[PDB]
Amino acid sequence: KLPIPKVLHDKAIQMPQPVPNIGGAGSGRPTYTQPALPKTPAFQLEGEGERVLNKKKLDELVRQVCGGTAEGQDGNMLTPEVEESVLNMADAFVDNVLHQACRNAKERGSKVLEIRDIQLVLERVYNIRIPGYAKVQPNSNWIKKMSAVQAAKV
Amino acid sequence: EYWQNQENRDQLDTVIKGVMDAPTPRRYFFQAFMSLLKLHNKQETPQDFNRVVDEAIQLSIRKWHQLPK
Amino acid sequence: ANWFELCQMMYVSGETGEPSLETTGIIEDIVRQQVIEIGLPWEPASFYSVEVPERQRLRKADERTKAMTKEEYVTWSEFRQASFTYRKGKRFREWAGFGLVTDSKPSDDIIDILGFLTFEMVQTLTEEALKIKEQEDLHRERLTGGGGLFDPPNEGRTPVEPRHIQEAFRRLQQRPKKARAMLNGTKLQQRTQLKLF
């Protein structure tokens, strides 16, 4: 027959949770084809849109560091030639940091990339500290050599 | 014959576990089949097999309950 | 830990709202990092072998004190006593990891000094974050009629956000140009240790 237990184990009674789309085939294909509860795709009903916020981000940063802008003028704080330089700077920074961090993470036997590697690279190569995300002593041979030198000096 | 070699099944276990964060009836069937194979070779207790089968049955019932009457 | 102490310190400094848990957590990590990182021997009398015996904060504070009610005054006075280490020596030592980084059981004057310093750090952070938030709102500024039964009367006041605290921390880490004057005219990167603001 089949052993219907008098009580089910905690795994069989779970109150399903939203699940992502895994498999690699793709989503949204109108062809001939499921979990109990899929997760709702992201959407925005009405607003500015990302295409405007992403373009205004640089002006926002410039306003932040420039100290403040008077009324009746904004946006045109950098000439066209300097904006390209800044964007190139951002791209190069991202690429270099990620490339260093991934190899550093793989060096210490890990199989995943954690924030600790990125933090270490940022601190030790660029002097940047981002808060809110969680010694050496000489050995005996050096001491003996220093003792010998000091004895020689006197 | 591909499922007789120890290395081959150890390999397939990784793929089965990789596709298990989005459980579906077919994936649960594959997991239960792997559990049966493990039990056959004295690498698992019958209790774990029964638990796996119970989870599969519960998911199948839940999917049956979502269709038109 | 120390969430409610942080809330009281922010309230005393001028944050009357209800900051979320993220702000308190970030402030706690900053304070913990600073604490972990942490006459007089060099006075002119030290030049000799044998010694001989001898013989805007205030303005805003005053305005606020003048602009508080009796109950508000009582609450302010009660919150002014918030501390990290006041009769919490064991908890503070566990939270600060005294044993792992120093010989255990330091004297109590050290603990009092640490509490004073921590209070100062929280005060400074709150005061700077408030200004940053105010400027952001002032720049940003430049449909349900009828009514229900649970909507707030007037609202309008919101607490600070993690981004404001991050900007304040970025501001507080900059060093004077005197520490960099020796690299002028070169392409050398400046590398230093954490600044104890």
# chains A, B, ... in the order shown; residues from 1 in each chain; ligands from 1
$ residues_around --residues "segment 53-61 of chain B" --least-positions-apart "5" --cutoff "12 Å" --atoms "only C-alpha atoms" --output "PyMOL selection string"
(chain A and resi 2-5+7-16+34-37) or (chain B and resi 22-36+46-48+66-67)
$ write_last_selection --atoms "N, CA and C atoms" --output "tab-separated table (two decimals), in the first residue's frame"
chain	number	residue	atom	x	y	z
A	2	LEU	N	0.56	2.18	0.90
A	2	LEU	CA	1.34	3.40	1.07
A	2	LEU	C	1.20	3.85	2.52
A	3	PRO	N	2.31	4.20	3.18
A	3	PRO	CA	2.29	4.56	4.61
A	3	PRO	C	1.86	6.00	4.89
A	4	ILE	N	0.55	6.21	4.97
A	4	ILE	CA	0.02	7.51	5.35
A	4	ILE	C	0.34	7.76	6.82
A	5	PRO	N	1.30	8.62	7.14
A	5	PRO	CA	1.66	8.84	8.54
A	5	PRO	C	0.55	9.56	9.30
A	7	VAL	N	0.99	11.97	11.16
A	7	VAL	CA	1.31	13.40	11.13
A	7	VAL	C	2.37	13.63	10.06
A	8	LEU	N	2.22	14.73	9.33
A	8	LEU	CA	3.17	15.07	8.28
A	8	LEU	C	4.34	15.87	8.85
A	9	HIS	N	5.53	15.62	8.30
A	9	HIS	CA	6.70	16.36	8.73
A	9	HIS	C	6.63	17.81	8.25
A	10	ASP	N	7.40	18.67	8.93
A	10	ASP	CA	7.28	20.11	8.71
A	10	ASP	C	7.56	20.51	7.27
A	11	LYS	N	8.32	19.72	6.52
A	11	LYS	CA	8.65	20.09	5.15
A	11	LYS	C	7.44	19.96	4.23
A	12	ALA	N	6.57	18.98	4.46
A	12	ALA	CA	5.43	18.76	3.59
A	12	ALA	C	4.33	19.79	3.78
A	13	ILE	N	4.33	20.51	4.89
A	13	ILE	CA	3.32	21.51	5.20
A	13	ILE	C	4.06	22.84	5.33
A	14	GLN	N	4.02	23.66	4.28
A	14	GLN	CA	4.96	24.77	4.16
A	14	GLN	C	4.34	26.13	3.84
A	15	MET	N	3.09	26.20	3.39
A	15	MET	CA	2.56	27.52	3.04
A	15	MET	C	3.43	28.13	1.94
A	16	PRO	N	3.29	27.68	0.69
A	16	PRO	CA	4.27	28.02	-0.36
A	16	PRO	C	4.68	29.48	-0.40
A	34	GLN	N	5.54	24.07	-13.82
A	34	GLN	CA	5.07	25.32	-13.23
A	34	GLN	C	5.02	25.21	-11.71
A	35	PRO	N	5.53	26.21	-11.00
A	35	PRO	CA	5.51	26.17	-9.53
A	35	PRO	C	4.15	26.58	-8.98
A	36	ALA	N	3.97	26.29	-7.68
A	36	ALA	CA	2.69	26.57	-7.04
A	36	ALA	C	2.41	28.07	-6.99
A	37	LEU	N	3.42	28.88	-6.72
A	37	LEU	CA	3.24	30.33	-6.55
A	37	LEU	C	4.43	31.06	-7.16
B	22	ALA	N	12.98	25.91	-7.45
B	22	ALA	CA	11.65	26.20	-7.99
B	22	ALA	C	10.96	24.86	-8.20
B	23	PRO	N	10.50	24.22	-7.13
B	23	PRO	CA	9.97	22.86	-7.26
B	23	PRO	C	8.78	22.80	-8.21
B	24	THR	N	8.77	21.76	-9.03
B	24	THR	CA	7.66	21.43	-9.92
B	24	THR	C	7.48	19.92	-9.90
B	25	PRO	N	6.31	19.43	-10.30
B	25	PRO	CA	6.06	17.98	-10.19
B	25	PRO	C	7.11	17.12	-10.87
B	26	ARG	N	7.58	17.52	-12.06
B	26	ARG	CA	8.58	16.72	-12.76
B	26	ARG	C	9.92	16.73	-12.02
B	27	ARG	N	10.32	17.90	-11.51
B	27	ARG	CA	11.55	17.98	-10.74
B	27	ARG	C	11.46	17.13	-9.48
B	28	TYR	N	10.30	17.14	-8.82
B	28	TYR	CA	10.13	16.30	-7.64
B	28	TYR	C	10.16	14.82	-8.00
B	29	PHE	N	9.63	14.45	-9.17
B	29	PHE	CA	9.75	13.07	-9.61
B	29	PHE	C	11.21	12.68	-9.79
B	30	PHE	N	12.00	13.55	-10.42
B	30	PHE	CA	13.42	13.24	-10.61
B	30	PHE	C	14.13	13.11	-9.26
B	31	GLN	N	13.82	14.00	-8.32
B	31	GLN	CA	14.41	13.89	-6.99
B	31	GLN	C	14.03	12.58	-6.32
B	32	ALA	N	12.77	12.17	-6.43
B	32	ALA	CA	12.33	10.92	-5.82
B	32	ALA	C	13.02	9.72	-6.47
B	33	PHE	N	13.21	9.78	-7.79
B	33	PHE	CA	13.92	8.70	-8.47
B	33	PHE	C	15.36	8.60	-7.98
B	34	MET	N	16.03	9.74	-7.82
B	34	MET	CA	17.39	9.73	-7.29
B	34	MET	C	17.41	9.18	-5.87
B	35	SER	N	16.40	9.53	-5.06
B	35	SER	CA	16.32	9.00	-3.70
B	35	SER	C	16.15	7.48	-3.72
B	36	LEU	N	15.32	6.97	-4.63
B	36	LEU	CA	15.15	5.53	-4.74
B	36	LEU	C	16.46	4.85	-5.12
B	46	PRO	N	14.90	4.37	4.50
B	46	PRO	CA	13.56	4.46	3.88
B	46	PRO	C	12.76	5.66	4.34
B	47	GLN	N	13.02	6.18	5.54
B	47	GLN	CA	12.25	7.31	6.05
B	47	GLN	C	12.42	8.54	5.17
B	48	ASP	N	13.65	8.82	4.73
B	48	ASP	CA	13.88	9.96	3.84
B	48	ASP	C	13.14	9.78	2.52
B	66	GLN	N	-5.74	23.77	-8.25
B	66	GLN	CA	-5.74	25.08	-8.91
B	66	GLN	C	-6.41	25.07	-10.27
B	67	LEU	N	-6.86	23.92	-10.76
B	67	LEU	CA	-7.48	23.82	-12.07
B	67	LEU	C	-8.99	23.97	-11.96
$ closest_atom_pairs --of "chain A" --to "chain C" --cutoff "7 Å" --atoms "only C-alpha atoms" --output "JSON lines"
{"residue": "A:127", "atom": "CA", "partner": "C:191", "partner_atom": "CA", "distance": 5.8}
{"residue": "A:131", "atom": "CA", "partner": "C:30", "partner_atom": "CA", "distance": 6.5}
{"residue": "A:132", "atom": "CA", "partner": "C:26", "partner_atom": "CA", "distance": 4.8}
$ select_by_dssp --residues "segment 11-95 of chain A" --states "alpha helix (DSSP H)" --output "MDAnalysis selection string"
chainID A and resid 50:66 80:95
